[PDB]
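In what follows, a single structure is set out as structure tokens and then discussed.
Every number in this text was worked out from the coordinates using simple rules, so none of it is lab data. Here the Cβ positions follow ideal geometry from the backbone for every residue, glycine too, while neighbour counts run over all protein chains shown.
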Amino acid sequence: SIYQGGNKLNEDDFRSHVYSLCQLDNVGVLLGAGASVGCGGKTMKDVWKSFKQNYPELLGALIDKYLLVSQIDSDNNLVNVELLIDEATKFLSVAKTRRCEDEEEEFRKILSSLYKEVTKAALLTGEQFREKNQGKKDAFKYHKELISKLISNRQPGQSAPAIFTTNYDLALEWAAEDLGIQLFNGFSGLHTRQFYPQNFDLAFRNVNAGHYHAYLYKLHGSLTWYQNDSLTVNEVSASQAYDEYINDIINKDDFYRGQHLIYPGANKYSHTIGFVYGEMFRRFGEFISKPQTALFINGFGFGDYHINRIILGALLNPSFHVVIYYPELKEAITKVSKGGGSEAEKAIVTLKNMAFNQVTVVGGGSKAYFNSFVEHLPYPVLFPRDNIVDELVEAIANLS
Amino acid sequence: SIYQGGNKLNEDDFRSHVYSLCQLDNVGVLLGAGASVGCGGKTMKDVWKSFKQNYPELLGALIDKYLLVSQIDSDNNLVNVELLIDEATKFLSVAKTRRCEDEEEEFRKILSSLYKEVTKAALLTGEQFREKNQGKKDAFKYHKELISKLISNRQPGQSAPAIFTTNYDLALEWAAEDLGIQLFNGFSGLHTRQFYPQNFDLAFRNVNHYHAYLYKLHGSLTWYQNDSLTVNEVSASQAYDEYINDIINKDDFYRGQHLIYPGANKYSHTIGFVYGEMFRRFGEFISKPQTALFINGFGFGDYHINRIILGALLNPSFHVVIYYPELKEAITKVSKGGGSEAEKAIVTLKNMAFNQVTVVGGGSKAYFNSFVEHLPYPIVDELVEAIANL
Amino acid sequence: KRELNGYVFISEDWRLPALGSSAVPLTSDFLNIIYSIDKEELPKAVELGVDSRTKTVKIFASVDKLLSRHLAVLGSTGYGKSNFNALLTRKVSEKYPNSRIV
Ligand SMILES: Nc1ncnc2c1ncn2[C@@H]1O[C@H](COP(=O)(O)OP(=O)(O)OC[C@H]2O[C@H](O)[C@H](O)[C@@H]2O)[C@@H](O)[C@H]1O
Ligand SMILES: Nc1ncnc2c1ncn2[C@@H]1O[C@H](COP(=O)(O)OP(=O)(O)OC[C@H]2O[C@H](O)[C@H](O)[C@@H]2O)[C@@H](O)[C@H]1O
Ligand SMILES: Nc1ncnc2c1ncn2[C@@H]1O[C@H](COP(=O)(O)OP(=O)(O)OP(O)(O)=S)[C@@H](O)[C@H]1O
């Protein structure tokens, strides 16, 4: 089911539109949490189910006393988990100063339980998380196609691609490290790696003999980012993180340090940690407000108010074009046209019904997925779809 | 009846001449108290009617004691009012200079009524005057089109359009503020706004917008003069609270040498500056070559404007296009001895023998609204409501 | 271009490139695509010869596009007008024994 302005389309009018759209000045991508299910990840409600199975005792002190969640949502599995840890951190910070010892333990013990459950779901390889060359495995086969197709079709004098994402995992990095590409994420150094926001404006250049690089924005954080002293934020490697903190989290129990982690949007009240989150949305708007721009979306559930606000405000500029993927149009149209559904359904539906030739929505269940989004993108001509490399490397290694 | 100087034309014969005259370098438009009716305005006759049948008792001294008005034209309902105001200000000033009581009070009592009846007509929205976005309404729909197309029909590297005006109200401002273009009127500042004549020579420019000028000839409601000899501009929400409200809801109070509208206090060397500086610009705009001038709403009852528009025609590249609704009703009265200069001049104009004077008449097909349509041509709400509710 | 599983050659003379580009040579595989036909018409194709500048590619033509309207063969004496008829005629006979030639 394909709709442009309410009216329907056919695959051959759609594939001839994607190509016209990918030839523009600025191009971008915005992914989500579903894109990472073909690799070993999970979804936010499959997280809540597992939480309330194993920890049903702490689930009363959270609905009765402190009013942190509602029963309808707890029953229908419609809870935001990145918006609750922040509030709990606020509560704990307040209790530390107010000096009420009867309330700090009961929050340590229920934050140790939430972090243990969100971390375990982002490794994507289990105990094979601290090893090397995890981008050769076949699970990461389309993340490479995406990058390669986005790069291989640009011309001289045209800006490079940007990739925004809400996940906090390491797949795109594991893939680029195996393709031989460079991604800029705002950090510099190896023995001490630090955040420099002034280097989203840099680029490469060759002297005599280059344009293999891209920009990556992560909107909620990462497991490799942390804070040691007041004024700075540091990045490390997987093998180093696993040995410092990520292990006790899983195995040990009743382990919680404090304002030390930068995932997901948790300690947003300090002034050294929110400076990192704000720059990303800043650059998002500054990109989405240029002329001759195109944006593809996939994996996003539309449960955030600010991003929808930004997009709707951006659509006033006549040179902005969008493409969306939502495999529940039918299951939502009725639930919203009879009496009403949920804010996500309402929002996503308001766009289907407009007089716009620069909007587009796509459905079909397993036909609007990631392994199929990656296949509507054009493939270049000179790019080789053949591998006489491995047959030579095999002989080089067999030589003896 | 499209008379064209001793000849006759048709709709398209006119609608192509307009497209021709719109390609010139110097374009100019002239508007009076007529084009302001569709939005809620009143002509000079209704205000005299109202003054007659609202303040009858004092109407006699104007004809018996001080001799400011003529009974004949008073009855005929054709009497100029701003000249009367100007002269009454002079009488009051003399009677206050030489210390006399009765003639002072007798004029302080008349100025109030006159200013009251003349302000009410120009408020133009009632009590929504001290509010915002009055240009989104439906009455101000054709001014926006006028501005949009008169600007769009311009070449790169060309001059900018000129709009002269005889009204003293805020419609063309309210409308441009809705579109999003910049008008120049000779004022600058926000916390203390002052008059700078040499600002008419400025113009914007980009580095990596469009604008226009506006010449009023009789003043406005938002210009005034404080205890110090400088002339200040103000916003409506502020003027309303400052003076206007009392003007409209108090029976007797007056402030002399304060207001600037309409040609009232010209006997002060600080106020006549700002009037003269407009007419001389009018002259210097006329005297240019390759210029066109579209007149819609004016009654040709003025010695000076008549003289200037008359002398202007010697050099041939100055084109005039008048609009006048009731034309034959004067063609058929000039045959006899009766006739007023207003009609004598326009028939003398239509009795010419060159292809510049282009009088027009349709009774109701020579109006502002059709004037607009005679010209060529070059979802936000849904999205903003969605964002609103979201 | 490249559409579904192979290539196709369009013939329209307007896609001027951009500065700072890179010019490259053509191999012997981007040349068949140029001097080739659709691959559903191969059952209706006959072989005439090869390219003369390189002598690598082979040329095929569609019978129902050749013998639909009339055909002109022009040439001076001693250069091969009669060696092309005895080749275009003893092929339609070996491919369509239900055919009338005179
Ligand atoms: N294989 C797949 N391919 C593509 N899409 C899929 C697949 N599987 C599921 N989906 C779709 O993936 C979607 C899963 O939606 P969720 O993971 O809950 O949302 P989020 O990850 O944006 O949550 C983070 C936000 O939550 C807060 O509001 C913050 O502001 C964050 O922005 C479903 O619609 C599925 O149809
Ligand atoms: N809807 C309409 N559209 C177009 N024209 C109209 C409309 N309604 C009326 N008219 C015409 O509008 C005309 C109204 O004429 P008046 O208002 O007396 O003239 P002025 O506004 O120049 O008066 C200002 C002068 O008064 C002092 O003498 C000063 O010297 C000023 O210069 C009528 O002829 C109508 O046919
Ligand atoms: N492709 C070829 N390869 C080898 N020999 C050729 C080729 N084309 C023509 N010839 C030779 O050219 C000689 C004469 O060509 P002809 O067939 O007589 O052409 P033609 O004389 O123009 O045709 P006519 O006048 O109708 S007999 C023959 O002996 C052929 O061997």
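For residue C:65, give me every one of the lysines with a C-alpha distance below 27 angstrom, ignoring sequence neighbours fewer than eight places off in its own chain.
C:1, C:39, C:44, C:55, C:81, C:91, C:95
Counting other Cβ atoms within 10 Å, which trypsin sites (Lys or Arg not before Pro) in the range B:243-283 have at most 12 and lie in a DSSP loop? Don't skip to the answer; put the middle values down first.
Numbers: sites: B:250, B:255, B:266, B:280, B:281; in loops: B:250, B:255, B:266.
Of the trypsin sites (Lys or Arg not before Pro), the ones in loops of the range B:243-283 whose Cβ has at most 12 other Cβ atoms within 10 Å are B:250, B:255.
Please compute the Cα-Cα pair-distance distribution of chain A with 20 Å bins starting at 0, giving whole percents from short to long.
Each 20 Å bin holds this share of Cα pairs: 23, 56, 20, 1.
Under 5 Å between amide H atoms, partner at least 5 residues away or on a different chain: which partners does residue A:217 have, H built in plane at 1.01 Å?
A:163, A:164, A:165
Diagonalise the Cα gyration tensor of the protein assembly as shown and give the resulting equivalent ellipsoid semi-axes, square root of 5 times each eigenvalue, largest first, whole Å. All intermediate terms of the calculation are to be shown ahead of the outcome.
On the way: eigenvalues 1109, 471, 119 Å².
Each semi-axis is the square root of five times an eigenvalue, giving 74, 49, 24 Å.
Around residue A:134, with a cut-off of 15 angstrom between Cβ atoms, what is the net charge of the other residues, counting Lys and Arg +1 and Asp and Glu -1?
Summing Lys and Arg as +1 and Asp and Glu as -1 gives -1.
Roughly what % of DSSP beta bridges within chain B run antiparallel, to the nearest 5?
Working: 7 of 28 bridges.
Around 25 percent antiparallel, to the nearest 5.
Return the sequence-ordered ³J(HN,Hα) values of the range B:162-177 in whole Hz as given by the Karplus equation 6.51 cos²θ - 1.76 cosθ + 1.60 applied to θ = phi - 60°, using x for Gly and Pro.
10, 10, 9, 8, 10, 7, 9, 9, 10, 6, 5, 7, 3, 7, 4, 5
Extending each Cα 7 Å along its Cβ direction at residue B:315 and residue C:77, get the distance between those two points in nm, one decimal.
It is 8.5 nm.
For residue A:28, list long-range residues whose amide hydrogen, built 1.01 Å from N in the peptide plane, is under 5 Å from its own amide hydrogen.
A:294, A:296
Mind listing the phi-derived Karplus ³J(HN,Hα) values for the range A:140-145, rounded to whole Hz, using 6.51, -1.76 and 1.60 with θ = phi - 60°, and x for any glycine or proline?
9, 7, 9, 4, 6, 4
Which value in Å is the Kirkwood Rh of the range B:65-214 over different Cα pairs?
Numbers: mean 1/r = 0.0509 Å⁻¹.
Every distinct Cα pair counted, the radius reaches 19.6 Å.
With only alpha-carbon atoms counted, please give the Rg and Dmax of the range B:15-60, in Å.
Calculated on Cα positions, Rg and Dmax stand at 19.2, 56 Å.
What trypsin sites (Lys or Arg not before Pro) in the range B:22-82 are in a loop by DSSP, with at most 10 other Cβ atoms within 10 Å of the Cβ?
Values: sites: B:42, B:45, B:49, B:52, B:65; in loops: B:42, B:65.
For trypsin sites (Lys or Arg not before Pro) across the range B:22-82 that sit outside H, G, I, E and B with at most 10 neighbouring Cβ atoms in 10 Å, the list reads B:65.
Taking only DSSP H segments of four or more residues, each worth -39500 (n - 2.57), what value at 222 nm results for chain A once the sum is divided by all its residues, to the nearest 500 deg cm²/dmol?
Details: 15 runs with 144 residues, N = 400.
Calculated at 222 nm, the ellipticity per residue is -10500 deg cm²/dmol.
Could you run the Karplus curve 6.51 cos²θ - 1.76 cosθ + 1.60 with θ = phi - 60° over the range A:26-42 and give me ³J(HN,Hα) per residue in whole Hz, x for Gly and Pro?
10, 9, x, 9, 9, 9, x, 8, x, 4, 9, 8, x, 10, x, x, 8
Place a point 7 Å from the Cα of residue B:23 along the Cα-to-Cβ direction; which residues of the range B:317-347 have their backbone N under 18 Å from it?
In the range B:317-347, the label zone of residue B:23 (backbone N under 18 Å from the point 7 Å along Cα→Cβ) covers B:317-320.
Out of the range C:1-74, which GluC sites (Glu not before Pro) are coil in DSSP terms and have no more than 16 other C-beta atoms within 10 Å?
Those satisfying the criteria are C:3, C:12, C:40, C:41.
With no solvent and one point on each alpha carbon, what is the Debye value of log10 I(q)/I(0) for the range B:137-272 at q = 0.12, 0.16, 0.19, 0.22 Å⁻¹?
-0.58, -0.98, -1.28, -1.54
Simple spin-label model, 7 Å along Cα-to-Cβ: residue A:387 to residue C:18 in nm?
Each label point lies 7 Å from its Cα, and together they span 3.1 nm.
State, to one decimal in nm, how far the label point of residue B:341 lies from the label point of residue B:53, with both points 7 Å from Cα in the Cβ direction.
Between residue B:341 and residue B:53, the simple spin-label model gives 3.0 nm.
Using only the Cα atoms of chain C, what do you get for the radius of gyration and for Dmax, in Å?
When restricted to the Cα atoms of chain C, Rg and Dmax are 18.1, 60 Å.
Determine the equivalent ellipsoid of the range B:203-348 by diagonalising the alpha-carbon gyration tensor, then write out the semi-axes as square roots of 5 times the eigenvalues, largest first, rounded to whole Å. Write down the numbers at each step before the final one.
Values: eigenvalues 244, 126, 48 Å².
The three semi-axes for the range B:203-348 are 35, 25, 15 Å.
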